[PDB]
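Residue numbers (the entry's author numbering), protein chains in the order written: chain B, 0 to 370; chain C, 0 to 370.
Protein chains: 2
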Amino acid sequence: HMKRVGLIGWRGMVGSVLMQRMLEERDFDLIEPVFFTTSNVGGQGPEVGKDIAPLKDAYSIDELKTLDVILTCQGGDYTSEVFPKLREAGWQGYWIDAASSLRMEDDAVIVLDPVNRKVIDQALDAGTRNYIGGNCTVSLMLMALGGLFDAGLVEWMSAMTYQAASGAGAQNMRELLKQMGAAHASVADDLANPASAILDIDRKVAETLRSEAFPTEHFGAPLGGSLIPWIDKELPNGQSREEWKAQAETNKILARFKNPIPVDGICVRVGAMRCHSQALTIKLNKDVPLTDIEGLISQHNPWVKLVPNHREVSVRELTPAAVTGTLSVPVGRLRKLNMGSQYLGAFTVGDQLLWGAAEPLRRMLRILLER
Amino acid sequence: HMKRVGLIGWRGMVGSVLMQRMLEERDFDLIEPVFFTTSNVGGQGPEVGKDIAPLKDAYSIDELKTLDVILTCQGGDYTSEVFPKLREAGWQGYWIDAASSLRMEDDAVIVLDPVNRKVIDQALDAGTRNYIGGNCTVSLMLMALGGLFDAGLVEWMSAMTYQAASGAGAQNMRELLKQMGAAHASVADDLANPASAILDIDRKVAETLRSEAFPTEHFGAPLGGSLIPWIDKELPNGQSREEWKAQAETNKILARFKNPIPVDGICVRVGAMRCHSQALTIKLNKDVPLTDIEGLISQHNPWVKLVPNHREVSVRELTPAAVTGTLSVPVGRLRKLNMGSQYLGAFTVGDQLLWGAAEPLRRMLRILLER
């Protein structure tokens, strides 16, 4: 009677974070883990404190059909190929996915249970079997500002993001680090010399970033020492796919199908490891006292952390350096903007790999087990 | 005969950029440059391609009051000390300053002549003697979007910035580079090994940024591999001084004393050397076609660079890596936002040391010579 759960893409980065969290929370104690692979069939699986079967074929429909749940971080290409063939074979199990492939599908639900647990529960009773993790940007934003939407105060939102390299992949994180190392190495001697001219240092650093030898295989441009104001594919409307997801996924999570909330902005890649930062211009539909706003925000969930709008505490708490590897979602710089009393400014930071990827997936798995 | 111009703060970072630009434009052909010092009286001045007198005492009121023009990049502490004494001595010469000291004074004009040449000309005719460079953020924004303000289309503007280390100083730029080096050095061996685990690399990097040995003296926090959502001193209204300067200096440059255009947002420090980037939400007061907006923007001045809203060109052109050391001020990602047709999104990048500091100063000097 214990559910057999198929783990796909566990070896990948997001999957590795998922593995780490599931191990910490002892998730494997309550399920029968079946690890699949697209390269090493028959090989050894990861240690989960119990005996498991050897690695099985992730493309074998016969194998997958025996599963009650499929938890995949393998990617959109894998989902696009296997999922339709599996459903056609009559598989009626639950499909939990990190990839964006099935997010906007009519028979699927974008999961972020601290925000839309009731949506998930109703979908489960309705017979929905597809539950997809939301885009990191949207998930991290809603984890921070869920209280405002829950109060029905948000008219629109303009989101300018500061997104980490982790969102692009493991090789991109490595490239960012190599780029930082290359930038520093070019002036390593000069940095030791106090009498070295800063403009000479700056000149050499700029040349290094522009040089061919600068590692730019995965980004196509320097990230370290710079930034990239475009993430994911270009769309015919002038949006990047990353920016398009902001409005589409926010309103689906909140189930705002009739009157959707306008969400837009610019998605920018910055030189951070695995934390997304977002500077937000928020239009509220009425004048609400700031302290009440802070109350609505902080009381929504136990992971959001209201950082007082003071300098040294903001410098220490509201940064990728302070958030990385943690489930904490700090939000600060909360104040009324000069445009009017209905204009709210906000800055938030969140780990891209946890709440922005892995954590909603394992939590969705636990929800299935509690039913 | 030839105007005697005093140069203060020529040796510093902004001053050095100023000297190099004045050399390139051959400004020293038109003036008698008198170089002053706060540390090396009688010493040797910079190489400006012509015979100059030995360094004079920058605190000598007797010498300073003989000067037709004073162009200082020495700093606010110097201005606050010398300027009142100098005016008290009956000095009626012109004062050109990079420091923010006299910006909001009624007898002073914030200079950005491609944007407010007419304001400058009227001030000169009126007898105004004080001409001050604007804050880097404001100057760079207006160089890109001057065409919209000139057409009187801007209702308000929300500015989320991505600011470089150069705005904080030379030692901050050095710290940024040292931070990048420390980050890379902690995982140098792992990066060279293709089979290394990404989560192990990430763990060590996160640990390094948090360690005490991480160079954070000047920023008070990690910048490399992170960001800092607070620049300059905290104000009682919840703004930082940097954010406050947005509305204050924009409207003074435009000479809008009556009904000021609301300008607000969040000023964030990122790991860039000397380029400020800004993500903008612009509310227009009229329905204008996007192509007409592009025309107004690009036709305003020959330094703004309209980057077509396409992925490849944006990645290549609209970055600190591309802009660094140039007088080009690219603006891109221009499109109407989901909130409405009067909401305009824009992303711009500009060099902080040129148009954000040194360039409006030497240009103001040229204007004085053309009187």
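The C-beta atom is built at its ideal place from N, Cα and C for all residues, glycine as well.
Per-residue burial, residue i [other beta carbons within 10 Å of its own, 16 or more giving buried]
| i | result |
| --- | --- |
| B/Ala88 | exposed |
| C/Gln121 | exposed |
| C/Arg334 | buried |
| C/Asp28 | exposed |
| B/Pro261 | buried |
| C/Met140 | buried |
| B/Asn258 | exposed |
| C/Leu234 | exposed |
| C/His0 | exposed |
For residue i, three-class secondary structure by DSSP
| i | result |
| --- | --- |
| B/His183 | helix |
| C/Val40 | coil |
| C/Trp354 | helix |
| C/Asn115 | helix |
| C/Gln162 | strand |
| C/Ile265 | strand |
| C/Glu206 | helix |
| B/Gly324 | coil |
| B/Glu154 | strand |
| C/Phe213 | coil |
| C/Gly223 | coil |
| B/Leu29 | coil |
| B/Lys177 | helix |
| C/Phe346 | strand |
| B/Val68 | strand |
| B/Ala122 | helix |
| C/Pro329 | strand |
Reference residue i, options the options, closest by Cα
| i | options | result |
| --- | --- | --- |
| C/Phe34 | C/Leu63, C/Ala122 and C/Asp28 | C/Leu63 |
| C/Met156 | C/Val110, C/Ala125 and C/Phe346 | C/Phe346 |
| C/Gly168 | C/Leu234, C/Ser59 and C/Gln73 | C/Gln73 |
| B/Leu253 | B/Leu54, B/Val108 and B/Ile60 | B/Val108 |
| C/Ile292 | C/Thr325, C/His217, C/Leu326 and C/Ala143 | C/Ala143 |
| B/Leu54 | B/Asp96, B/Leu6, B/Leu66 and B/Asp189 | B/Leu6 |
| B/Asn129 | B/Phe148, B/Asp149, B/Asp106 and B/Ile60 | B/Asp106 |
| C/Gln341 | C/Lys282, C/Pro214, C/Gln162 and C/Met140 | C/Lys282 |
| C/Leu152 | C/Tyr58, C/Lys84, C/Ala125 and C/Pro288 | C/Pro288 |
| C/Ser210 | C/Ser138, C/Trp90, C/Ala182 and C/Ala191 | C/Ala182 |
| B/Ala320 | B/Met338, B/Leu336 and B/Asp350 | B/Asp350 |
| C/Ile296 | C/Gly133, C/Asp124, C/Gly145 and C/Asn134 | C/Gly145 |
| B/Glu316 | B/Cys274, B/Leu343, B/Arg362 and B/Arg20 | B/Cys274 |
| C/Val322 | B/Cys266, B/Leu226 and B/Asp67 | B/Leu226 |
| B/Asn134 | B/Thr280, B/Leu85, B/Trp9 and B/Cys266 | B/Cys266 |
| B/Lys232 | C/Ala164, C/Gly166 and C/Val314 | C/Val314 |
| C/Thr36 | C/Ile30, C/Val47, C/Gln19 and C/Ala57 | C/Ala57 |
| C/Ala163 | C/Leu364, C/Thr280, C/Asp67 and C/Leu222 | C/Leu222 |
| C/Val348 | B/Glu369, B/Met338 and B/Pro228 | B/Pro228 |
| C/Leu70 | C/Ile230, C/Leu360, C/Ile366 and C/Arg370 | C/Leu360 |
| C/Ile366 | C/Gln178, C/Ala191 and C/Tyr93 | C/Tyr93 |
| C/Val47 | C/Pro83, C/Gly126, C/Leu22 and C/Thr160 | C/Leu22 |
Limits of the unbroken alpha helix (DSSP H) element including residue i
| i | result |
| --- | --- |
| C/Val314 | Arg310 to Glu316 |
| B/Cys72 | It is not in any alpha helix (DSSP H) - B/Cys72 carries neither H nor E in the DSSP assignment. |
| C/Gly14 | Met12 to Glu23 |
| B/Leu101 | That residue, B/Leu101, is in no alpha helix (DSSP H); it is neither H nor E in DSSP. |
| B/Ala143 | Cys135 to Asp149 |
| C/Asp61 | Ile60 to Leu63 |
Boundaries of the beta strand (DSSP E) in which residue i is found, first to last residue
| i | result |
| --- | --- |
| B/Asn250 | Premise fails: B/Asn250 lies in the alpha helix (DSSP H), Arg240 to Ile252, not in any beta strand (DSSP E). |
| C/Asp286 | No beta strand (DSSP E) contains C/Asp286, which DSSP labels as neither H nor E. |
| C/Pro307 | Taken as a continuous stretch (DSSP letters only), C/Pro307 belongs to no beta strand (DSSP E), as it is neither H nor E. |
| B/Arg273 | Run containing B/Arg273: none; DSSP gives neither H nor E here. |
| B/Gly132 | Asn129 to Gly132 |
| B/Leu6 | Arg3 to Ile7 |
| C/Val110 | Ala107 to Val110 |
| B/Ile95 | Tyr93 to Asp96 |
Would the segment 309 to 316 of chain B count as touching the segment 263 to 271 of chain B if we require 3 or more Cβ pairs under 8 angstroms? no
For the pair the segment 325 to 332 of chain B and the segment 290 to 305 of chain B, tell me if three or more CB-CB distances fall below 8 angstroms. yes
Pairing CB atoms from the segment 42 to 50 of chain B with CB atoms from the segment 99 to 107 of chain B, are three or more of them under 8 angstroms? no
Would you call the segment 196 to 206 of chain B and the segment 234 to 249 of chain B touching, i.e. three or more CB-CB distances under 8 angstroms? no
Is there contact between the segment 237 to 244 of chain C and the segment 179 to 195 of chain B, where contact requires at least three CB pairs shorter than 8 angstroms? no
Evaluate contact between the segment 73 to 85 of chain B and the segment 110 to 125 of chain B, counting only Cβ atoms and requiring at least three cross-stretch pairs below 8 angstroms. no
Are the segment 5 to 23 of chain C and the segment 355 to 362 of chain B touching by the rule of at least three beta carbon pairs closer than 8 angstroms? no
State whether the segment 213 to 231 of chain B contacts the segment 159 to 174 of chain B, with contact taken as three or more CB pairs (one from each stretch) at a distance under 8 angstroms. yes
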